[PDB]
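What follows is a single structure, written as structure tokens, with notes after it.
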Amino acid sequence: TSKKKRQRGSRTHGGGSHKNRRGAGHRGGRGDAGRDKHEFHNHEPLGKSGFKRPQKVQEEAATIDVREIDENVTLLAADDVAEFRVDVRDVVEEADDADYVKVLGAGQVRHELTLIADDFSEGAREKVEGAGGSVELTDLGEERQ
Amino acid sequence: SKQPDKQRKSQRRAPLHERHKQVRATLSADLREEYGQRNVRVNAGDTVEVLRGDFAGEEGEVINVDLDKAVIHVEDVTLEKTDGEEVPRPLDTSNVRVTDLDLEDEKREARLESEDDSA
Amino acid sequence: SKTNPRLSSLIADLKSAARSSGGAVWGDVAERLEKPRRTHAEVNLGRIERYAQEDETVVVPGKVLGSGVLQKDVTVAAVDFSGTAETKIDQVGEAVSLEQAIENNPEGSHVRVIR
Amino acid sequence: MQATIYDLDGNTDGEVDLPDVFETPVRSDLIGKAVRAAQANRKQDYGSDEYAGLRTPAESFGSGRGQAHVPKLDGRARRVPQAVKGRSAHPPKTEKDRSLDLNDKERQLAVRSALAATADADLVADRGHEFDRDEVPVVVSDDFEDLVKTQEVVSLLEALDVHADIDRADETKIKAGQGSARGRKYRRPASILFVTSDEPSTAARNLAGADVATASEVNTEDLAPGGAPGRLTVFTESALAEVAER
RNA sequence: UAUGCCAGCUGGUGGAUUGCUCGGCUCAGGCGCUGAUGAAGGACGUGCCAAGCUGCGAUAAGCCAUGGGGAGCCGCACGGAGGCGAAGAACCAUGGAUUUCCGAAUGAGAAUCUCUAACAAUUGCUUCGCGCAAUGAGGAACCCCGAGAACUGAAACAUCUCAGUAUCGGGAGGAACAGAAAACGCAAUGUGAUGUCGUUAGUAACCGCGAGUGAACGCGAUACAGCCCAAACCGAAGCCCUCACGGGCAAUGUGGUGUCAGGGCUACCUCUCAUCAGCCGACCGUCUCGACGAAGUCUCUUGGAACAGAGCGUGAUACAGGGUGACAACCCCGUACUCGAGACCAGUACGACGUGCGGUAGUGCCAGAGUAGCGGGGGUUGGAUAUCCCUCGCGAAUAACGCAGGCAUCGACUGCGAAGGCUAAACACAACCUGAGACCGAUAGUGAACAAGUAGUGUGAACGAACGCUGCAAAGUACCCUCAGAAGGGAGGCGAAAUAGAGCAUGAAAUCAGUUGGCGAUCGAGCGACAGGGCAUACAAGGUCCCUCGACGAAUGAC
RNA sequence: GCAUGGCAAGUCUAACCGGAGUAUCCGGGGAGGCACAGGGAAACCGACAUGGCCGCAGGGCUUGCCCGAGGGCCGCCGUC
Ligand SMILES: [Cl-]
Ligand SMILES: [Cl-]
Ligand SMILES: [Cl-]
Ligand SMILES: [Mg+2]
Ligand SMILES: [Mg+2]
Ligand SMILES: [Mg+2]
Ligand SMILES: [Mg+2]
Ligand SMILES: [Mg+2]
Ligand SMILES: [Mg+2]
Ligand SMILES: [Mg+2]
Ligand SMILES: [Mg+2]
Ligand SMILES: [Mg+2]
Ligand SMILES: [Mg+2]
Ligand SMILES: [Mg+2]
Ligand SMILES: [Mg+2]
Ligand SMILES: [Mg+2]
Ligand SMILES: [Mg+2]
Ligand code: NA
Ligand code: NA
Ligand code: NA
Ligand code: NA
Ligand code: NA
Ligand code: NA
Ligand code: NA
Ligand code: NA
Ligand code: NA
Ligand code: NA
Ligand code: NA
Ligand code: NA
Ligand code: NA
Ligand code: NA
Ligand code: NA
Ligand code: NA
Ligand code: NA
Ligand code: NA
Ligand code: NA
Ligand code: NA
Ligand code: NA
């Protein structure tokens with residue numbers, strides 16, 4: 001049995017005095033009315049802040065952490081093995097509607113990896129080299145100067 | 001139309017020529033065998049046997065066939081009015097069986113015999 | 001008000017074991033399973049790999065998922081495993097149903113709970 | 001497990017392996033949810049006329065004549081819900097979504113589970129079906145798909161000691177309630193489901209309570225009418241094989 | 001024990017309840033214009049007797065033909081009389097005849113009538129004559145083009161919001177509208193007419209930056225289709241009417257060419273399978289309608305009636321639904337199967353006839369002006385400097401030029417040619433046909449299951465109900481007595497039942513008559529709850545209860 | 001938010017398409033959504049698959065002593 005199902009007989013259906021459930025007066029006004037007066041509480045303050053750059057001047061980088069690549073190297077049997085070597089662009093999803101692919105350095109790297117991507121972060125390089133690996137910057141990656 | 005309302009409606013409002021099918025009766029074993037039909041539209045000439053009413057068992061000649069009320073009058077199947085007069089007790093063809101046919105119509109007889117049409 | 005007839009029986013079985021046998025984990029797992037699904041365990045391999053040790057059965061009062069890597073040769077017992085989890089685990093150890101665990105070890109001994 | 005194939009005489013004729021799915025643990029809760037959805041999803045949207053009871057300029061005299069403030073027209077109350085001929089306060093509405101969603105996985109799992117309850121003679125007996133057989137489902141040679149007369153399927157069924165179920169479904173019930181006025185006067189027990197491979201069995205369909213299906217699209221409802229698992233089924237050599245990958 | 005209180009019984013009043021559904025409600029598929037050749041609507045007529053409804057129109061519930069259908073029929077409507085039908089009627093389908101007056105209403109006038117040949121009025125053509133034509137008005141909504149609120153929200157209110165809503169003016173179609181880039185701008189080595197659906201996204205954008213408002217490109221789908229002028233260069237090679245003769249149009253340009261795969265011109269190459277015009281002309285599918293269509297009406301019992309119980313038996317590519325004196329696959333209609341017809345798809349697809357596509361080089365020959373663009377003032381939009389539009393003023397280039405790519409100017413880059421035009425299909429609605437339902441079931445559901453937009457109200461605009469059910473069969477009560485009596489009553493008759501007897505199934509409560517039990521004309525008012533006595537009670541569905549004594553015997557606890 | 005159920009580093013399809021027993025239903029469709037990294041107005045940069053300590057449940061042991069998921073307190077890391 002639900003709460004609704006038990007209301008018949010209660011007269012007020014849990015609204016308290018029958019003088020309560022009337023119009024918007026019982027809500028302090030329609031919608032967000034009073035968000036600056038009687039009901040300012042818990043509303044983000046009024047005001048303008050910052051600016052936006054035109055949508056078509058924005059670049060969306062497709063990222064991935066080394067931890068993801070690394071945790072699945074063996075499993076990526078359909079990808080180069082050597083002295084492993086993986087082209088990040090072929091790993092990352094959404095790597096199409098993306099302006100470029102970037103490797104981030106979160107997690108560990110327990111293998112020697114040769115990574116090819118459009119960009120890397122300091123941590124990503126340090127980690128990939130520290131595990132006896134190398135990082136190769138794509139041609140698109142030739143945008144560093 | 002699987003809907004009861006529509007079924008009863010179409011039966012109560014069917015045009016005159018579509019009412020002939022509401023006054024059909026099963027044929028006797030012989031007649032069925034003779035013409036290759038299970039029933040026929042009872043005609044005011046045929047002889048018939050009552051299989052269900054209070055008059056079940058009795059036999060007689062069809063005296064009248066009302067298409068509108070989809071009912072027939074069979075000779076001697078009657079009621080006693082208060083004044084003593086004797087009036088017919090309307091029967092539904094469904095409770096009746098045709099034992100003899102009045103085939104004075106070339107057309108009726110033709111229909112009966114053909115195997116691509118029923119009378 | 002549990003809906004799954006299987007989860008329901010498992011729970012009843014776990015109780016029968018904790019009562020008869022000297023088990024305490026089984027009744028413990030039985031109570032956690034009786035609690036709201038949202039509270040049940042959802043553990044990835046990374047966590048099992050971190051706190052498990054060989055010859056000590058890992059007991060998940062929930063479900064095991066396949067994220068992360070498991071190398072230790074452990075026996076993991078859960079209400080269920082994702083398809084991938086059960087695959088990775090069987091490569092280096094053994095994935096077992098709580099129903100089997102209760103059988104091979106009704107005293108629930110040498111077991112480690114992980115959530 | 002093993003599946004005893006039968007010929008159109010009811011005599012054993014080899015046997016095939018009962019596919020794995022028939023081992024899927026029977027989950028009546030999931031099956032019930034699959035049937036519930038299929039049954040809701042075919043229900044039609046309805047509801048009263050948007051303006052029923054609003055077609056009037058009735059007004060209230062307000063205070064002054066020892067009368068309640070109820071809209072009236074030609075001295076007759078109208079519009080308001082407490083008034084005879086007035087609108088319906090919270091009526092059935094066409095806009096209401098009367099459909100139920102269901103994850104493909106959850107639904108496919110129910111299909112497999114219902115399939116499996118078919119292989120359990122005890123369940124099948126509990127569901128209510130009448131039969132004197134130990135094996136179930138009843139598998140038959142693909143020649144069954146060539147039968148044409150209902151009567152022939154009757155003999156085969158009597159030979160298979162399964163015809164009793166049709167004797168069960170051979171009784172219609174005239175329901176209580178007004179359904180009758182909307183064309184739902186009758187109802188009857190569900191009997192045998194015949195799963196073939198190329199086309200539903202035209203020869204078995206008219207059998208009392210019988211339902212005909214095909215292996216590629218047989219669903220939860222035919223496998224478990226009303227959400228109750230364990231329907232007395234009869235697959236086809238090839239049907240049985242197709243069902244395997246569902 | 002008057003007046004009277006409480007409960008019940010018999011009869012009534014009333015019309016709830018239960019059962020029933022010829023009506024509603026909603027969803028879905030199909031289909032879709034009518035009208036000066038006078039529609040839609042209305043008026044008045046029309047029947048043997050005819051008031052209402054339906055039909056019809058002075059040939060008036062109808063006339064003719066062809067096809068279907070069939071022994072009956074003369075609408076709803078069951079009377080009386082009479083008639084029609086084998087000369088094939090009724091009835092159904094298609095086509096035709098008739099089709100009064102008012103009505104766009106059109107000769108003129110007029111509350112449906114009247115006065116003395118009439119396209120009134122406005123237009124096109126024109127034999128300049130109403131000679132040949134057009135328009136007008138209707139339609140359930142849908143559609144397109146204009147005009148455009150307020151309550152309300154913002155807890156007041158002015159911008160904002162309600163909302164480009166309601167409502168008003170004009171108009172099209174079966175669908176409208178849009179539509180082959182002076183586009184997009186995931187900026188690209190990219191996409192490629194237009195609607196619509198899903199999403200993009202409550203994102204970008206607007207906003208007393210408050211409340212609120214709110215896209216697009218793209219993507220996934222649906223369906224797919226692309227062309228014609230103006231001009232250059234030609235220059236009467238042309239078009240319309242008429243059978244013809246003949247007439248009219250047309251150098252202020254008919255017609256040829258041509259239309260960004262730019263074109264024309266000049267010289268060449270190759271070739272046509274593009275396009276455009278015209279001919280033919282469907283399958284399938286879908287919607288509706290129709291033909292044919294299996295198997296019990298066997299036994300016993302109950303019953304007014306078997307469609308019930310028990311027994312025996314049958315069909316099923318048919319166990320949807322309905323009817324029939326009660327629960328019916330096999331009694332009747334139908335239902336599965338197979339088949340036929342019409343409509344839509346569609347004058348479409350396919351096929352074919354004619355035309356001729358395209359490429360090189362040269363050529364500043366051609367290519368839409370109050371335009372592009374700027375300014376003043378407004379409206380509108382998410383459009384912000386960067387929406388779309390109106391109004392007043394100003395105002396360009398000529399492809400070697402111009403516009404766009406979300407502020408302006410200049411250059412580069414990329415895209416694209418405005419100021420001419422047409423265009424199938426996919427999408428909207430629901431009048432009309434058909435189908436469907438966990439919708440309602442007569443105070444419900446439409447206002448309307450009934451005379452329903454009826455009866456009735458208002459000068460008018462407009463407003464607007466209630467009323468469903470005898471019975472299997474009318475067998476709808478003969479005869480007799482009574483009475484002022486075709487009333488009513490008594491007696492009687494029918495039927496299983498008249499307490500089914502006419503607004504007649506069932507027949508609640510409030511309540512009325514008579515009556516039974518209890519109380520009662522010396523007595524006090526929330527009408528009762530719980531205790532306990534009197535009196536009253538057929539059975540059934542409850543069977544307990546009383547006293548002596550004895551056993552057990554908590555707290556408490558004596559003379 | 002919560003209860004239940006499926007699947008799980010993923011999950012779900014929408015319109016729509018095919019099939020069919022033709023509004024149900026079977027198959028297909030991942031367009032797109034949310035989740036998988038955050039911080040910053042922006043430019044732009046880009047994180048602990050565990051380093052320490054307490055310690056509940058549970059487990060272990062020679063019965064106080066160990067191991068102690070979750071939880072708690074710190075460290076440390078990304079960015080402004
Ligand atoms: Cl930004
Ligand atoms: Cl985890
Ligand atoms: Cl694009
Ligand atoms: Mg994608
Ligand atoms: Mg014949
Ligand atoms: Mg109403
Ligand atoms: Mg009832
Ligand atoms: Mg006139
Ligand atoms: Mg206000
Ligand atoms: Mg304010
Ligand atoms: Mg707006
Ligand atoms: Mg755009
Ligand atoms: Mg031309
Ligand atoms: Mg505005
Ligand atoms: Mg009504
Ligand atoms: Mg007045
Ligand atoms: Mg009565
Ligand atoms: Na409350
Ligand atoms: Na209230
Ligand atoms: Na408020
Ligand atoms: Na304030
Ligand atoms: Na009205
Ligand atoms: Na009053
Ligand atoms: Na709906
Ligand atoms: Na139509
Ligand atoms: Na009349
Ligand atoms: Na006429
Ligand atoms: Na005219
Ligand atoms: Na003229
Ligand atoms: Na206010
Ligand atoms: Na005010
Ligand atoms: Na504003
Ligand atoms: Na894209
Ligand atoms: Na009958
Ligand atoms: Na201006
Ligand atoms: Na552009
Ligand atoms: Na009524
Ligand atoms: Na996706």
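Residue numbering restarts at 1 for every chain of the structure tokens, chains are lettered A, B, ... in their displayed order, and ligands are numbered from 1 as they appear.
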
Do you know which residues are at most 9 Å from residue 155 in chain E counting only C-alpha atoms (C1' of nucleotides), after dropping those on the same chain fewer than 3 positions away, and could you put them as number ranges by chain? A: 24-25, 27-30, 33-34

File of the preceding selection, C-alpha atoms, as a PDB file, in the first residue's frame:
```
ATOM      1  CA  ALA A  24       1.089  29.948  -5.501  1.00  0.00           C
ATOM      2  CA  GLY A  25       0.934  31.935  -2.300  1.00  0.00           C
ATOM      3  CA  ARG A  27       4.955  28.463  -2.636  1.00  0.00           C
ATOM      4  CA  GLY A  28       6.019  32.049  -2.045  1.00  0.00           C
ATOM      5  CA  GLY A  29       5.205  32.748  -5.658  1.00  0.00           C
ATOM      6  CA  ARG A  30       5.313  31.076  -9.046  1.00  0.00           C
ATOM      7  CA  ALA A  33       9.836  34.120  -7.494  1.00  0.00           C
ATOM      8  CA  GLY A  34      11.583  35.709  -4.531  1.00  0.00           C
TER       9      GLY A  34
END
```

Please, which residues of chain D lie no more than 7 Å from chain F when the count uses only C-alpha atoms (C1' of nucleotides), and can they be set out as a short mmCIF file (atom, residue, chain, number, x, y, z; two decimals) with N, CA, C and O atoms, in the first residue's frame?
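Produced file result_35.cif, reproduced below:
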```cif
data_model
loop_
_atom_site.label_atom_id
_atom_site.label_comp_id
_atom_site.auth_asym_id
_atom_site.auth_seq_id
_atom_site.Cartn_x
_atom_site.Cartn_y
_atom_site.Cartn_z
N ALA D 38 4.89 -6.67 -22.42
CA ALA D 38 4.25 -7.03 -23.69
C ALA D 38 2.74 -6.80 -23.62
O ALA D 38 2.10 -6.40 -24.61
N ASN D 41 2.21 -2.85 -23.50
CA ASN D 41 2.57 -2.25 -24.77
C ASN D 41 1.56 -2.40 -25.94
O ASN D 41 1.74 -1.77 -26.99
N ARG D 42 0.51 -3.19 -25.76
CA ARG D 42 -0.47 -3.34 -26.82
C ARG D 42 -1.81 -2.69 -26.44
O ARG D 42 -2.79 -2.77 -27.20
N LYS D 105 18.53 -6.73 -22.78
CA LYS D 105 19.17 -7.79 -22.02
C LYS D 105 18.20 -8.44 -21.05
O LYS D 105 18.02 -9.66 -21.05
N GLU D 106 17.57 -7.62 -20.22
CA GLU D 106 16.62 -8.12 -19.25
C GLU D 106 15.51 -8.94 -19.93
O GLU D 106 15.06 -9.96 -19.40
N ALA D 213 3.97 -20.89 -32.83
CA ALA D 213 5.05 -19.93 -32.90
C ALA D 213 6.15 -20.45 -33.78
O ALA D 213 6.09 -21.56 -34.28
N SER D 216 12.49 -18.40 -34.48
CA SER D 216 13.18 -17.11 -34.56
C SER D 216 12.51 -15.96 -33.80
O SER D 216 13.18 -15.01 -33.37
N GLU D 217 11.20 -16.03 -33.64
CA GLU D 217 10.52 -14.96 -32.96
C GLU D 217 9.60 -15.39 -31.82
O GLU D 217 8.76 -14.61 -31.39
#
```

Select the residues contacting ligand 9 at a distance of at most 9 Å, based on only C-alpha atoms (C1' of nucleotides) and all ligand atoms, then format the selection as a PyMOL selection string. chain E and resi 152-157

Please, could you write that set of residues out with N, CA and C atoms (P, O5', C5', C4', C3', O3' and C1' of nucleotides) as a PDB file, in the first residue's frame?
```
ATOM      1  P     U E 152      -4.707  39.797 -13.369  1.00  0.00           P
ATOM      2  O5'   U E 152      -3.865  38.488 -13.686  1.00  0.00           O
ATOM      3  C5'   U E 152      -4.476  37.192 -13.608  1.00  0.00           C
ATOM      4  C4'   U E 152      -3.569  36.151 -14.211  1.00  0.00           C
ATOM      5  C3'   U E 152      -2.146  36.126 -13.687  1.00  0.00           C
ATOM      6  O3'   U E 152      -2.048  35.458 -12.448  1.00  0.00           O
ATOM      7  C1'   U E 152      -2.099  36.006 -16.029  1.00  0.00           C
ATOM      8  P     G E 153      -0.962  35.942 -11.383  1.00  0.00           P
ATOM      9  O5'   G E 153       0.427  35.569 -12.053  1.00  0.00           O
ATOM     10  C5'   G E 153       0.792  34.203 -12.274  1.00  0.00           C
ATOM     11  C4'   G E 153       2.177  34.128 -12.861  1.00  0.00           C
ATOM     12  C3'   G E 153       3.209  35.011 -12.190  1.00  0.00           C
ATOM     13  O3'   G E 153       3.693  34.469 -10.981  1.00  0.00           O
ATOM     14  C1'   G E 153       3.394  35.273 -14.509  1.00  0.00           C
ATOM     15  P     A E 154       3.833  35.425  -9.702  1.00  0.00           P
ATOM     16  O5'   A E 154       5.128  36.281 -10.032  1.00  0.00           O
ATOM     17  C5'   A E 154       6.345  35.627 -10.401  1.00  0.00           C
ATOM     18  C4'   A E 154       7.332  36.615 -10.965  1.00  0.00           C
ATOM     19  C3'   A E 154       7.626  37.858 -10.145  1.00  0.00           C
ATOM     20  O3'   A E 154       8.540  37.523  -9.094  1.00  0.00           O
ATOM     21  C1'   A E 154       7.287  38.460 -12.408  1.00  0.00           C
ATOM     22  P     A E 155       9.136  38.665  -8.118  1.00  0.00           P
ATOM     23  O5'   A E 155       7.971  38.962  -7.075  1.00  0.00           O
ATOM     24  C5'   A E 155       7.403  37.920  -6.268  1.00  0.00           C
ATOM     25  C4'   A E 155       5.999  37.630  -6.729  1.00  0.00           C
ATOM     26  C3'   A E 155       4.964  38.742  -6.522  1.00  0.00           C
ATOM     27  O3'   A E 155       4.065  38.839  -7.631  1.00  0.00           O
ATOM     28  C1'   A E 155       4.230  36.729  -5.507  1.00  0.00           C
ATOM     29  P     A E 156       4.038  40.174  -8.528  1.00  0.00           P
ATOM     30  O5'   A E 156       3.649  41.348  -7.521  1.00  0.00           O
ATOM     31  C5'   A E 156       2.299  41.555  -7.088  1.00  0.00           C
ATOM     32  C4'   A E 156       2.000  43.033  -7.002  1.00  0.00           C
ATOM     33  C3'   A E 156       2.078  43.837  -8.295  1.00  0.00           C
ATOM     34  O3'   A E 156       0.893  43.741  -9.068  1.00  0.00           O
ATOM     35  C1'   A E 156       3.271  44.974  -6.627  1.00  0.00           C
ATOM     36  P     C E 157       0.978  43.346 -10.620  1.00  0.00           P
ATOM     37  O5'   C E 157       1.789  44.532 -11.302  1.00  0.00           O
ATOM     38  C5'   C E 157       1.232  45.851 -11.394  1.00  0.00           C
ATOM     39  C4'   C E 157       2.278  46.819 -11.866  1.00  0.00           C
ATOM     40  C3'   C E 157       2.875  46.500 -13.228  1.00  0.00           C
ATOM     41  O3'   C E 157       2.095  47.090 -14.262  1.00  0.00           O
ATOM     42  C1'   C E 157       4.612  46.828 -11.666  1.00  0.00           C
TER      43        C E 157
END
```

Ligand 32: which residues are within 7 Å, counting only C-alpha atoms (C1' of nucleotides) and all ligand atoms? Reply as a list in words.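 Listed by chain and ascending number, the contacts are residues 159, 160, 207 and 208 of chain E.
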
Would you write out, as a Markdown table, a table of all residues in chain E that have an atom no more than 9 Å from an atom of ligand 28, listing for each the closest atom pair and the distance in Å to one decimal, considering only C-alpha atoms (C1' of nucleotides) and all ligand atoms and ordering rows by chain and rising residue number?
```
| residue | atom | partner | partner_atom_place_in_ligand_line | distance |
| --- | --- | --- | --- | --- |
| E:36 | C1' | ligand 28 | 1 (Na) | 5.2 |
| E:106 | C1' | ligand 28 | 1 (Na) | 8.0 |
| E:119 | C1' | ligand 28 | 1 (Na) | 4.2 |
| E:133 | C1' | ligand 28 | 1 (Na) | 8.4 |
| E:134 | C1' | ligand 28 | 1 (Na) | 7.4 |
| E:135 | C1' | ligand 28 | 1 (Na) | 8.0 |
```

Residues of chain A that approach chain E to 12 Å or less, counting only C-alpha atoms (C1' of nucleotides): could you list each one with the shortest pair of atoms and its distance in Å to one decimal, rows by chain and increasing residue number, as a Markdown table?
```
| residue | atom | partner | partner_atom | distance |
| --- | --- | --- | --- | --- |
| A:23 | CA | E:155 | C1' | 10.4 |
| A:24 | CA | E:155 | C1' | 7.5 |
| A:25 | CA | E:155 | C1' | 6.6 |
| A:26 | CA | E:155 | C1' | 9.8 |
| A:27 | CA | E:155 | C1' | 8.8 |
| A:28 | CA | E:155 | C1' | 6.1 |
| A:29 | CA | E:155 | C1' | 4.1 |
| A:30 | CA | E:155 | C1' | 6.8 |
| A:31 | CA | E:211 | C1' | 8.2 |
| A:32 | CA | E:211 | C1' | 6.9 |
| A:33 | CA | E:211 | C1' | 6.5 |
| A:34 | CA | E:155 | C1' | 7.5 |
| A:35 | CA | E:210 | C1' | 9.0 |
| A:36 | CA | E:210 | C1' | 8.7 |
| A:37 | CA | E:155 | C1' | 10.6 |
| A:38 | CA | E:155 | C1' | 10.1 |
| A:39 | CA | E:155 | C1' | 11.3 |
| A:45 | CA | E:210 | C1' | 11.8 |
| A:46 | CA | E:209 | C1' | 8.5 |
| A:47 | CA | E:209 | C1' | 6.9 |
| A:48 | CA | E:209 | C1' | 6.7 |
| A:49 | CA | E:209 | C1' | 10.3 |
| A:52 | CA | E:204 | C1' | 9.8 |
| A:53 | CA | E:204 | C1' | 10.5 |
| A:54 | CA | E:204 | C1' | 8.6 |
| A:55 | CA | E:204 | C1' | 7.6 |
| A:56 | CA | E:186 | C1' | 8.6 |
| A:57 | CA | E:187 | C1' | 10.2 |
| A:58 | CA | E:186 | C1' | 11.2 |
| A:59 | CA | E:186 | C1' | 10.9 |
| A:60 | CA | E:186 | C1' | 11.1 |
| A:96 | CA | E:186 | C1' | 10.1 |
| A:97 | CA | E:186 | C1' | 7.3 |
| A:98 | CA | E:186 | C1' | 9.4 |
| A:99 | CA | E:186 | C1' | 9.7 |
```

Using the selection just defined, write its residues with C-alpha atoms as a compact mmCIF listing (two decimals), in the first residue's frame.
```txt
# COMPACT_ATOMS: atom_id res chain seq x y z
CA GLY A 23 -2.48 28.81 -4.92
CA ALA A 24 1.09 29.95 -5.50
CA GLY A 25 0.93 31.94 -2.30
CA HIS A 26 1.73 28.66 -0.56
CA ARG A 27 4.96 28.46 -2.64
CA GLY A 28 6.02 32.05 -2.04
CA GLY A 29 5.21 32.75 -5.66
CA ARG A 30 5.31 31.08 -9.05
CA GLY A 31 8.58 29.28 -9.92
CA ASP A 32 11.73 31.11 -8.74
CA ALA A 33 9.84 34.12 -7.49
CA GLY A 34 11.58 35.71 -4.53
CA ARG A 35 14.99 34.15 -5.23
CA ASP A 36 16.37 37.55 -4.14
CA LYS A 37 13.90 38.28 -1.35
CA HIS A 38 11.97 35.93 0.91
CA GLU A 39 13.63 32.87 -0.64
CA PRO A 45 23.89 34.87 -6.10
CA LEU A 46 22.74 37.26 -8.83
CA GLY A 47 25.26 38.59 -11.34
CA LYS A 48 27.28 38.22 -14.55
CA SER A 49 30.63 36.43 -14.58
CA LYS A 52 32.65 32.75 -23.56
CA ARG A 53 34.68 32.34 -26.75
CA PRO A 54 32.81 31.53 -29.96
CA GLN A 55 31.92 27.83 -30.14
CA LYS A 56 33.84 27.38 -33.39
CA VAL A 57 37.10 28.76 -32.01
CA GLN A 58 37.15 26.08 -29.34
CA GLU A 59 39.21 22.88 -29.49
CA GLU A 60 38.16 19.64 -27.85
CA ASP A 96 37.19 11.53 -34.43
CA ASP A 97 35.00 14.41 -33.30
CA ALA A 98 38.11 15.45 -31.41
CA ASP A 99 40.53 18.18 -32.45
```

Determine, counting only C-alpha atoms (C1' of nucleotides), which protein, DNA and RNA residues have an atom within 6 Å of an atom of range 96-101 of chain B; residues of the same chain fewer than 4 positions away are not included. Present the result as a ChimeraX atom specification. /B:25-28,46-51

Counting only C-alpha atoms (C1' of nucleotides), which residue out of B:88, B:113, B:59, B:75 sits closest to chain E?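 Using only C-alpha atoms (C1' of nucleotides), the shortest distance to chain E belongs to B:88.
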